[PDB]
$ cat entry17.pdb   # PDB, C-alpha atoms
ATOM      1  CA  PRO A   1    -109.562-125.391 -60.117  1.00  0.00           C
ATOM      2  CA  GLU A   2    -106.046-123.941 -60.198  1.00  0.00           C
ATOM      3  CA  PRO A   3    -104.047-123.844 -63.460  1.00  0.00           C
ATOM      4  CA  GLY A   4    -101.381-126.313 -64.545  1.00  0.00           C
ATOM      5  CA  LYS A   5     -98.179-124.302 -64.882  1.00  0.00           C
ATOM      6  CA  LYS A   6     -97.307-120.662 -64.203  1.00  0.00           C
ATOM      7  CA  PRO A   7     -95.965-118.233 -66.840  1.00  0.00           C
ATOM      8  CA  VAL A   8     -92.334-117.211 -67.330  1.00  0.00           C
ATOM      9  CA  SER A   9     -91.161-116.514 -63.780  1.00  0.00           C
ATOM     10  CA  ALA A  10     -89.109-113.333 -63.416  1.00  0.00           C
ATOM     11  CA  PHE A  11     -88.205-113.853 -59.757  1.00  0.00           C
ATOM     12  CA  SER A  12     -85.404-116.340 -59.092  1.00  0.00           C
ATOM     13  CA  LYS A  13     -85.930-115.899 -55.351  1.00  0.00           C
ATOM     14  CA  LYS A  14     -89.153-114.416 -53.978  1.00  0.00           C
ATOM     15  CA  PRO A  15     -88.795-112.207 -50.873  1.00  0.00           C
ATOM     16  CA  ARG A  16     -90.432-114.502 -48.322  1.00  0.00           C
ATOM     17  CA  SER A  17     -92.323-112.745 -45.528  1.00  0.00           C
ATOM     18  CA  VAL A  18     -90.345-111.866 -42.401  1.00  0.00           C
ATOM     19  CA  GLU A  19     -90.888-110.611 -38.852  1.00  0.00           C
ATOM     20  CA  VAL A  20     -89.297-107.695 -36.999  1.00  0.00           C
ATOM     21  CA  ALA A  21     -90.085-105.906 -33.737  1.00  0.00           C
ATOM     22  CA  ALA A  22     -91.080-102.236 -33.822  1.00  0.00           C
ATOM     23  CA  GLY A  23     -87.889-100.245 -34.299  1.00  0.00           C
ATOM     24  CA  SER A  24     -85.721-103.250 -35.122  1.00  0.00           C
ATOM     25  CA  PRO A  25     -84.097-103.404 -38.583  1.00  0.00           C
ATOM     26  CA  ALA A  26     -85.819-105.479 -41.266  1.00  0.00           C
ATOM     27  CA  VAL A  27     -84.391-106.540 -44.627  1.00  0.00           C
ATOM     28  CA  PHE A  28     -85.969-108.529 -47.459  1.00  0.00           C
ATOM     29  CA  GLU A  29     -83.969-110.557 -49.981  1.00  0.00           C
ATOM     30  CA  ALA A  30     -85.493-110.607 -53.465  1.00  0.00           C
ATOM     31  CA  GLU A  31     -83.733-112.006 -56.533  1.00  0.00           C
ATOM     32  CA  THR A  32     -84.954-111.565 -60.109  1.00  0.00           C
ATOM     33  CA  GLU A  33     -84.862-114.148 -62.898  1.00  0.00           C
ATOM     34  CA  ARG A  34     -83.134-111.594 -65.125  1.00  0.00           C
ATOM     35  CA  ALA A  35     -80.421-108.948 -64.796  1.00  0.00           C
ATOM     36  CA  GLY A  36     -80.601-105.337 -65.937  1.00  0.00           C
ATOM     37  CA  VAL A  37     -84.203-104.857 -64.839  1.00  0.00           C
ATOM     38  CA  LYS A  38     -84.872-102.347 -62.061  1.00  0.00           C
ATOM     39  CA  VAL A  39     -86.873-103.990 -59.274  1.00  0.00           C
ATOM     40  CA  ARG A  40     -89.293-101.418 -57.865  1.00  0.00           C
ATOM     41  CA  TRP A  41     -90.378-101.717 -54.232  1.00  0.00           C
ATOM     42  CA  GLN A  42     -93.502-100.356 -52.542  1.00  0.00           C
ATOM     43  CA  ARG A  43     -95.040-100.355 -49.064  1.00  0.00           C
ATOM     44  CA  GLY A  44     -98.597-100.297 -47.753  1.00  0.00           C
ATOM     45  CA  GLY A  45     -99.397 -96.674 -48.494  1.00  0.00           C
ATOM     46  CA  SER A  46     -96.523 -95.305 -50.565  1.00  0.00           C
ATOM     47  CA  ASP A  47     -93.789 -96.467 -52.939  1.00  0.00           C
ATOM     48  CA  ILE A  48     -90.305 -97.399 -51.732  1.00  0.00           C
ATOM     49  CA  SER A  49     -86.923 -96.293 -53.078  1.00  0.00           C
ATOM     50  CA  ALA A  50     -83.260 -95.909 -52.133  1.00  0.00           C
ATOM     51  CA  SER A  51     -83.556 -92.855 -49.886  1.00  0.00           C
ATOM     52  CA  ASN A  52     -83.700 -91.622 -46.290  1.00  0.00           C
ATOM     53  CA  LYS A  53     -85.800 -93.761 -43.949  1.00  0.00           C
ATOM     54  CA  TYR A  54     -85.128 -96.633 -46.350  1.00  0.00           C
ATOM     55  CA  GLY A  55     -82.408 -98.473 -48.245  1.00  0.00           C
ATOM     56  CA  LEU A  56     -82.110-100.445 -51.476  1.00  0.00           C
ATOM     57  CA  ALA A  57     -79.146-102.683 -52.289  1.00  0.00           C
ATOM     58  CA  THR A  58     -79.100-104.050 -55.837  1.00  0.00           C
ATOM     59  CA  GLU A  59     -76.353-106.185 -57.374  1.00  0.00           C
ATOM     60  CA  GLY A  60     -76.991-107.801 -60.745  1.00  0.00           C
ATOM     61  CA  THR A  61     -79.946-110.132 -60.248  1.00  0.00           C
ATOM     62  CA  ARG A  62     -80.219-109.557 -56.498  1.00  0.00           C
ATOM     63  CA  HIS A  63     -82.240-106.918 -54.647  1.00  0.00           C
ATOM     64  CA  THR A  64     -82.266-106.428 -50.875  1.00  0.00           C
ATOM     65  CA  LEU A  65     -84.658-103.893 -49.356  1.00  0.00           C
ATOM     66  CA  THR A  66     -83.453-102.642 -45.971  1.00  0.00           C
ATOM     67  CA  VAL A  67     -85.962-100.891 -43.711  1.00  0.00           C
ATOM     68  CA  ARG A  68     -84.852 -99.638 -40.297  1.00  0.00           C
ATOM     69  CA  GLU A  69     -87.753 -97.211 -39.883  1.00  0.00           C
ATOM     70  CA  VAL A  70     -90.030-100.256 -39.760  1.00  0.00           C
ATOM     71  CA  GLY A  71     -92.442-100.004 -36.847  1.00  0.00           C
ATOM     72  CA  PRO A  72     -95.881-101.029 -35.535  1.00  0.00           C
ATOM     73  CA  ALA A  73     -97.474 -99.145 -38.429  1.00  0.00           C
ATOM     74  CA  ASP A  74     -95.496-101.132 -40.999  1.00  0.00           C
ATOM     75  CA  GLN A  75     -97.621-104.172 -40.159  1.00  0.00           C
ATOM     76  CA  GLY A  76     -99.370-104.042 -43.521  1.00  0.00           C
ATOM     77  CA  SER A  77     -98.646-105.480 -46.959  1.00  0.00           C
ATOM     78  CA  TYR A  78     -95.330-105.229 -48.803  1.00  0.00           C
ATOM     79  CA  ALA A  79     -95.320-105.046 -52.602  1.00  0.00           C
ATOM     80  CA  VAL A  80     -92.405-105.515 -55.001  1.00  0.00           C
ATOM     81  CA  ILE A  81     -92.416-105.618 -58.802  1.00  0.00           C
ATOM     82  CA  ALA A  82     -89.585-106.432 -61.207  1.00  0.00           C
ATOM     83  CA  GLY A  83     -90.519-105.350 -64.719  1.00  0.00           C
ATOM     84  CA  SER A  84     -93.293-107.782 -65.614  1.00  0.00           C
ATOM     85  CA  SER A  85     -93.469-110.191 -62.676  1.00  0.00           C
ATOM     86  CA  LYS A  86     -95.173-108.798 -59.574  1.00  0.00           C
ATOM     87  CA  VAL A  87     -94.913-110.261 -56.072  1.00  0.00           C
ATOM     88  CA  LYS A  88     -95.935-109.052 -52.614  1.00  0.00           C
ATOM     89  CA  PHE A  89     -95.041-110.263 -49.121  1.00  0.00           C
ATOM     90  CA  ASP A  90     -96.510-109.660 -45.665  1.00  0.00           C
ATOM     91  CA  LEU A  91     -94.483-108.050 -42.877  1.00  0.00           C
ATOM     92  CA  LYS A  92     -95.510-109.185 -39.395  1.00  0.00           C
ATOM     93  CA  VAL A  93     -94.269-106.694 -36.800  1.00  0.00           C
ATOM     94  CA  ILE A  94     -93.405-107.982 -33.329  1.00  0.00           C
ATOM     95  CA  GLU A  95     -94.505-106.242 -30.131  1.00  0.00           C
TER      96      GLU A  95
END

$ encode --input "entry17.pdb" --output "structure tokens"
Amino acid sequence: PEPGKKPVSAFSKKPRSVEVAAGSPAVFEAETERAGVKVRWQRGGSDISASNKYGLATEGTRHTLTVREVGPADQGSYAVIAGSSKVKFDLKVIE
């Protein structure tokens, strides 16, 4: 059976899964339970970072990952870690 209570949560707001049509812009809102920590993002295949073809907007304890290059091939599994706590969400692409 499942446990009783989870460990110290480090994600104030988990980036719930979203849906975006191929080509359409897709952003994920992820808030950490602590400030100062650098929330690292990763996609199904390679890691994600604030650079071309992608976008990362961090502000204190908030982290929003913007992905405009998202397409029919992005219909995999999204992963995002923030120091110790690790969470991953699914991105359902629309056709």

$ residues_near_point --input "entry17.pdb" --point "(-88.1, -103.4, -48.1)" --cutoff "8 Å" --atoms "only C-alpha atoms" --output "ChimeraX atom specification"
/A:26-28,41-43,48,54-56,64-67,78

$ write_last_selection --input "entry17.pdb" --atoms "C-alpha atoms" --output "tab-separated table (two decimals), in the coordinates of the input"
chain	number	residue	atom	x	y	z
A	26	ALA	CA	-85.82	-105.48	-41.27
A	27	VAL	CA	-84.39	-106.54	-44.63
A	28	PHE	CA	-85.97	-108.53	-47.46
A	41	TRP	CA	-90.38	-101.72	-54.23
A	42	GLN	CA	-93.50	-100.36	-52.54
A	43	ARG	CA	-95.04	-100.36	-49.06
A	48	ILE	CA	-90.30	-97.40	-51.73
A	54	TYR	CA	-85.13	-96.63	-46.35
A	55	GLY	CA	-82.41	-98.47	-48.24
A	56	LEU	CA	-82.11	-100.44	-51.48
A	64	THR	CA	-82.27	-106.43	-50.88
A	65	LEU	CA	-84.66	-103.89	-49.36
A	66	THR	CA	-83.45	-102.64	-45.97
A	67	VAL	CA	-85.96	-100.89	-43.71
A	78	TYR	CA	-95.33	-105.23	-48.80

$ resolve_selection --input "entry17.pdb" --expression "the PyMOL selection byres ((chain A and resi 40) around 6)" --output "list in words"
residues 39, 41, 80 and 81 of chain A

$ closest_residue --input "entry17.pdb" --among "A:92, A:34, A:53, A:63" --to "residue 10 (chain A)" --atoms "only C-alpha atoms"
A:34

$ residues_near_point --input "entry17.pdb" --point "(-94.2, -115.5, -69.7)" --cutoff "12 Å" --atoms "all atoms listed in the file" --output "number ranges by chain"
A: 5-11, 33, 83-85

$ closest_residue --input "entry17.pdb" --among "A:76, A:15, A:45, A:23" --to "residue 62 (chain A)" --atoms "all atoms listed in the file"
A:15

$ resolve_selection --input "entry17.pdb" --expression "the PyMOL selection byres ((chain A and resi 89) around 6)" --output "list in words"
residues 17, 78, 88 and 90 of chain A

$ closest_residue --input "entry17.pdb" --among "A:25, A:60, A:3, A:44" --to "residue 94 (chain A)" --atoms "only C-alpha atoms"
A:25

$ atom_distance --input "entry17.pdb" --atom1 "CA of residue 22 (chain A)" --atom2 "CA of residue 72 (chain A)"
5.2 Å

$ atom_distance --input "entry17.pdb" --atom1 "CA of residue 30 (chain A)" --atom2 "CA of residue 47 (chain A)"
16.4 Å

$ residues_around --input "entry17.pdb" --residues "residue 95 (chain A)" --least-positions-apart "4" --cutoff "12 Å" --atoms "only C-alpha atoms" --output "PDB file with C-alpha atoms, keeping the file's coordinate frame"
ATOM      1  CA  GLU A  19     -90.888-110.611 -38.852  1.00  0.00           C
ATOM      2  CA  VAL A  20     -89.297-107.695 -36.999  1.00  0.00           C
ATOM      3  CA  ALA A  21     -90.085-105.906 -33.737  1.00  0.00           C
ATOM      4  CA  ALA A  22     -91.080-102.236 -33.822  1.00  0.00           C
ATOM      5  CA  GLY A  23     -87.889-100.245 -34.299  1.00  0.00           C
ATOM      6  CA  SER A  24     -85.721-103.250 -35.122  1.00  0.00           C
ATOM      7  CA  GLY A  71     -92.442-100.004 -36.847  1.00  0.00           C
ATOM      8  CA  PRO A  72     -95.881-101.029 -35.535  1.00  0.00           C
ATOM      9  CA  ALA A  73     -97.474 -99.145 -38.429  1.00  0.00           C
ATOM     10  CA  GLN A  75     -97.621-104.172 -40.159  1.00  0.00           C
TER      11      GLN A  75
END

$ atom_distance --input "entry17.pdb" --atom1 "CA of residue 31 (chain A)" --atom2 "CA of residue 1 (chain A)"
29.3 Å

$ closest_residue --input "entry17.pdb" --among "A:29, A:93, A:14, A:2" --to "residue 57 (chain A)" --atoms "all atoms listed in the file"
A:29
